[PDB]
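Undergrad:
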Amino acid sequence: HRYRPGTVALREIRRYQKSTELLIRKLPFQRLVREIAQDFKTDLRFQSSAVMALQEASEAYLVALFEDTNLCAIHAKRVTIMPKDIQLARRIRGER
Amino acid sequence: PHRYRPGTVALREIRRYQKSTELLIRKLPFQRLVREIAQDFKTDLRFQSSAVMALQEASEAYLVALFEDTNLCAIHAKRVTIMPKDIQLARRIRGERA
Amino acid sequence: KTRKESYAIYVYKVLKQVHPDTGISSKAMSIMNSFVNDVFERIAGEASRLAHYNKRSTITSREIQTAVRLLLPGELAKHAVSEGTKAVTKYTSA
Amino acid sequence: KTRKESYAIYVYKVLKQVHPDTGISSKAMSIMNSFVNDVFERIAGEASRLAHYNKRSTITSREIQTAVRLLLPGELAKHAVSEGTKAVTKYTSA
Amino acid sequence: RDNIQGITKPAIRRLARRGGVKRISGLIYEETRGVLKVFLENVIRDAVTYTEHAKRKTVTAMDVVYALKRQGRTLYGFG
Amino acid sequence: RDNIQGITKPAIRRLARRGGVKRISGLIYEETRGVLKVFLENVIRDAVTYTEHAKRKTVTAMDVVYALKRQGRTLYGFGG
Amino acid sequence: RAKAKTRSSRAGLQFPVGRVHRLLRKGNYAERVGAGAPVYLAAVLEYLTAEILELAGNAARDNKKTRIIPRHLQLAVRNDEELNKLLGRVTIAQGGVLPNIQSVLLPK
Amino acid sequence: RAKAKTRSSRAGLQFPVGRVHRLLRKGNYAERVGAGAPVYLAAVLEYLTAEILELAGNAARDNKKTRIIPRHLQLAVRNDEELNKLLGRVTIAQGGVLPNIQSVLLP
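Rendered as structure tokens:
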């Protein structure tokens, strides 16, 4: 038994559009945030709420960017998203 | 007789209108359109000349920026022609018609 | 401990007015508190700008009405305006 | 009549400092006046927000410096800070 | 009054040429007219609200400037 | 100190699934990591500026909220 | 001295007129604040709160729940055109996204 | 009394410190305004004005013109990365656009 390609993908799309949880592991994200903040000030402390807020903002930003990327990919008569779609979405949004 | 291939005069016009700074819409038709639009909100409205000039400048800047984004959208789909779906996609991604 | 003011009891009173048998969690109350603060700041800033434009030094109910007209979109604004007027008149009668 | 203040003579003084042989039209001067007013408003508003966040009643040079660092992008900000600092030194000595 | 047709096809072509467009489909003129009408409606509504608050009957350039600025479209050159 | 790889490929794939994406190219992951790093750098720089102005050493949640609101990304639920 | 009655009770509101007046006075908005501005602001804020809370409670009821969570607030806001326009650039924590899939990707 | 000396000359600036102080005091920003805030703000505004005018005058000179017109201000702002990012959502009247044609369109 084996599902055709694109079936489990649609099932995952339906599954992760119903939940509200965070899709990035918390410890790697906290380490990344601390490493990034190391370049501005040395020996910095973070409230847990600060890291949680950063994670929520980052995940929302990435999800919206992927929606715009999907629209750009569909425009070119395609189903896969390529880096050129991300670049076009960011350039039109004004970020680049 | 002489004749230019399609796209030569188009590129000449692109070079000519990206070097000037004038306004590309006739002033009287735009003023009439602005007055007709403002008729709905309030009756017997008077406009300064500067108000209409500012509206025209803002509208032209908005349209030129939108056409730049539309050209990018058209080139993305391996095209040279500019279609309404490109305008719609640019306005969706910008956040206007979303 | 220093007192921390919030729009919690008032939001709960309104919720009991609308849905008498429905409760609310803590994250949802935080979100509603942030929403109330955001809308208050937006309307008050627009009203202050309106007062400054016309060289006035008083924020009146006309400035608040025009700020609500400018900020709130479409039908929302209309209803909001009505509610606001409905209050002030009553406040004047008493 | 009435009096209408603007940043025209100061912009002309700076222009004479930078390009002593170059003039400026009227539309360009209007644009420069609008630019100065816009930047003043941005920096002052950000400084007011910073003072309000920390529960301070005073706008100081620290608030202005933080507002400049938050608003102005890249190396621009750095250079601006230097200029500002130097002024507040030369003013304090004299 | 059908003055939206006063924004002619050659005017839209000029605005597209300034934007770098080389070839133009024949269906974008109605779309551009609709886009322009929506933009103008928003800005003029805000400007007329600003005018009515001041108890005036003339729409000044400052009203248009404020209406544009409150939409994140700051315009330099008109005060 | 290469913690940017802590944002694994399955996590990016989940974020794309929530956005409605069905098929993902193989080079999307490095681009997504770069985009996320840019966003985080901007927000954290603003938050650290806000923290330093207050003469504090911990980055509170309110600093993050103000830093986000500066960029036009208001966030509800954390702080007031 | 008569028995003190709150200003929000005279206006028939639930949101505090006195606190809103203090916030307007202390917030550095204008030199003077009229007597009717706090009442108008309190009425508008109470209206908006009641609207969004009604929508969120309906969304919770449709889910066979009793308590409102951020998911219900997000569902209420994103399913309403005016509220979505008012909160276009706002992120709600633990809200998720609105379920939609492009028609191109579905099997045919 | 001694002869009056403007604060701008005392701080070595061209922009007005007294006018900036008055605008800060009457602009409804805070209850009090420090003594050195107007000096800092005036210095920053003068720096930004000098930058813009330097670039605009260079653009005018490269065009064989003496006076600065809005086209030169637009050319100065748009060709500079930091200034373009600062004035990213700003329209300059009678400024035009930057000459730029996509390479795919060229023959």
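Residue numbers (the UniProt record's numbering), protein chains in the order written: chain A, 40 to 135; chain B, 39 to 136; chain C, 32 to 125; chain D, 32 to 125; chain E, 24 to 102; chain F, 24 to 103; chain G, 12 to 119; chain H, 12 to 118.
Note that beta-carbon positions come from the ideal geometry of N, C-alpha and C, so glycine has one too.
Taking Cβ positions, are F:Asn26 and A:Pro44 nearer each other than 8 angstroms?
TA: No. Outside cutoff.
Undergrad: Just verifying my parser: in three-state terms, what is the DSSP assignment at B:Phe85?
TA: The answer is strand: DSSP assigns B:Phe85 an E or B state.
Undergrad: How about the region 56–66 of chain D and the region 74–81 of chain H: do they share at least three Cβ pairs that are nearer than 8 angstroms?
TA: The region 56–66 of chain D vs the region 74–81 of chain H: in contact.
Undergrad: Report the option in B:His40, B:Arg84 and B:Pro39 whose CA atom is closest to the CA atom of E:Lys80.
TA: E:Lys80 has its Cα closest to that of B:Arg84, out of B:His40, B:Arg84 and B:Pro39.
Undergrad: Please report the residue range of the beta strand (DSSP E) in which H:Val101 lies.
TA: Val101 to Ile103 is the span of the beta strand (DSSP E), which, as asked, contains H:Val101.
Undergrad: Give the list of continuous alpha helix (DSSP H) stretches no shorter than 4 residues that lie fully inside the region 36–119 of chain C.
TA: Counting only runs of 4 or more, we get 39–49, 57–84 and 92–102.
Undergrad: Are any of the Cβ atoms in chain H nearer than 8 angstroms to that of B:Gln126?
TA: Chain H contact via Cβ: absent.
Undergrad: What is the DSSP secondary structure of F:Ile30, reduced to helix, strand or coil?
TA: Note: F:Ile30 maps to coil in three-state DSSP.
Undergrad: Would you say F:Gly95 faces chain G, with C-beta separation under 8 angstroms as the test?
TA: Chain G contact via Cβ: present.
Undergrad: Is the region 112–128 of chain B in contact with the region 46–66 of chain E, if contact means three or more CB pairs nearer than 8 angstroms?
TA: The answer is yes - the region 46–66 of chain E touches the region 112–128 of chain B, with three or more Cβ pairs under 8 angstroms.
Undergrad: Count the C-beta pairs between the region 40–47 of chain C and the region 52–67 of chain G that are closer than 8 angstroms, then say yes if the count reaches three, no if not.
TA: They touch, by the three-pair rule.
Undergrad: Give me the DSSP bridge partner(s) of E:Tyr99.
TA: BP columns for E:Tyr99 point to H:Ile103.
Undergrad: Can you tell which of A:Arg73, A:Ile113 and A:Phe79 has the C-alpha that lies nearest to the C-alpha of A:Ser87?
TA: Nearest option by C-alpha distance: A:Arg73.
Undergrad: For B:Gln126, which residues in the same chain have their Cβ closer than 8 angstroms to its Cβ, ignoring the five residues on either side in sequence?
TA: Correct list, in chain order: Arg135.
Undergrad: Here's the rule: buried if 16 or more other CB atoms are within 10 angstroms of the residue's CB, otherwise exposed. What is residue 138 of chain B?
TA: No information on residue 138 of chain B is available, as it lies outside the stretch 39 to 136 that chain B covers here.
Undergrad: Please tell me whether residue 5 of chain G and C:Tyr38 are closer than 8 angstroms, where the distance is taken between their beta carbons.
TA: No information on residue 5 of chain G is available, as it lies outside the stretch 12 to 119 that chain G covers here.
Undergrad: Please classify E:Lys45: is it buried, with 16 or more other beta-carbons within 10 angstroms of its beta-carbon, or exposed?
TA: Counting Cβ neighbours within 10 Å, E:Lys45 comes out buried, since at least 16 surround it.
Undergrad: With respect to the alpha helix (DSSP H) encompassing H:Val50, which residues constitute its N-terminal and C-terminal limits?
TA: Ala48 to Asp73 is the span of the alpha helix (DSSP H), which, as asked, contains H:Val50.
Undergrad: Would F:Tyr99 pass as an interface residue toward chain C - the criterion being a Cβ-Cβ separation below 8 angstroms?
TA: Yes, its Cβ sits closer than 8 angstroms to a Cβ of chain C.
Undergrad: So with CB distances below 7 angstroms, who are the chain H contacts of E:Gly43?
TA: Residues of chain H passing the Cβ test: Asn111, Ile112 and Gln113.
Undergrad: Going along chain A in order, which residues have a C-beta closer than 7 angstroms to the C-beta of G:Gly99?
TA: The contacting residues do not exist; G:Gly99 stays about 11 angstroms from chain A at best.
Undergrad: Using the rule of at least 16 other Cβ atoms within 10 Å of the residue's Cβ for burial, across every protein chain shown, is A:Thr81 buried or exposed?
TA: Classification of A:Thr81: exposed, given that the 10 Å Cβ count is below 16.
Undergrad: Starting from the Cα of E:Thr83, find the closest Cα among C:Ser92, C:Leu101, C:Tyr84 and C:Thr97 and give me that residue.
TA: Residue C:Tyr84 is the option with its Cα nearest to E:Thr83.
Undergrad: Need the endpoints of the alpha helix (DSSP H) that G:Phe26 sits in, please.
TA: Element bounds for G:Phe26: n/a, residue is neither H nor E.
Undergrad: Evaluate H:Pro27 with the Cβ neighbour count: other Cβ atoms within 10 Å of its Cβ, from every protein chain shown; 16 or more gives buried, anything less gives exposed.
TA: Buried, because 16 or more other Cβ atoms sit within 10 Å of the Cβ of H:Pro27.
Undergrad: Under 8 angstroms by Cβ, that's how I've got F:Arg37 and A:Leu49 pegged, so tell me the actual separation to the nearest angstrom.
TA: Contact flag wrong, Cβ pair sits at about 14 angstroms.
Undergrad: My guess is that A:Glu95 and G:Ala104 are in contact by the Cβ rule of under 8 angstroms, so how many angstroms apart are they, rounded?
TA: Between G:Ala104 and A:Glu95 the Cβ distance is about 5 angstroms, and since that is below 8 angstroms, they are a contact.
Undergrad: Would the region 60–70 of chain D count as touching the region 83–99 of chain G if we require 3 or more Cβ pairs under 8 angstroms?
TA: Output reads no: the region 83–99 of chain G does not touch the region 60–70 of chain D.
Undergrad: Kindly list the residues whose CB is nearer than 7 angstroms to the CB of G:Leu24, restricted to its own chain and excluding five residues on each side of it in sequence; keep chain order.
TA: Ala53, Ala54 and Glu57.
Undergrad: Answer yes or no: do G:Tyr40 and C:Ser79 have a C-beta to C-beta separation smaller than 8 angstroms?
TA: Going by C-beta atoms, G:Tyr40 is nearer than 8 angstroms to C:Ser79.
Undergrad: Could you tell me which of A:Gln56, A:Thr46 and A:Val47 sits nearest to A:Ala103, measuring between CA atoms?
TA: Selected option, being the one with the closest Cα: A:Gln56.
Undergrad: Go through its chain and collect everything with a Cβ distance to G:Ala70's Cβ below 6 angstroms, but skip five positions before and after it.
TA: Hits under 6 angstroms: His83, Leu86 and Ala87.
Undergrad: Could you check where the alpha helix (DSSP H) with B:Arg135 kicks off and where it finishes?
TA: Here B:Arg135 belongs to no alpha helix (DSSP H), and DSSP marks it neither H nor E.
Undergrad: Do you know offhand how far D:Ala118's Cα is from H:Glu92's?
TA: If you take the alpha carbons of D:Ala118 and H:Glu92, they lie about 27 angstroms apart.
Undergrad: Going along chain E, which residues have a C-beta under 7 angstroms from D:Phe66?
TA: Within chain E, the residues near D:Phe66 are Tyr99.
Undergrad: Give a yes or no on whether 8 angstroms exceeds the smallest Cβ distance from C:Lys58 to chain F.
TA: With 8 angstroms as the cut-off, C:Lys58 counts as an interface residue toward chain F.
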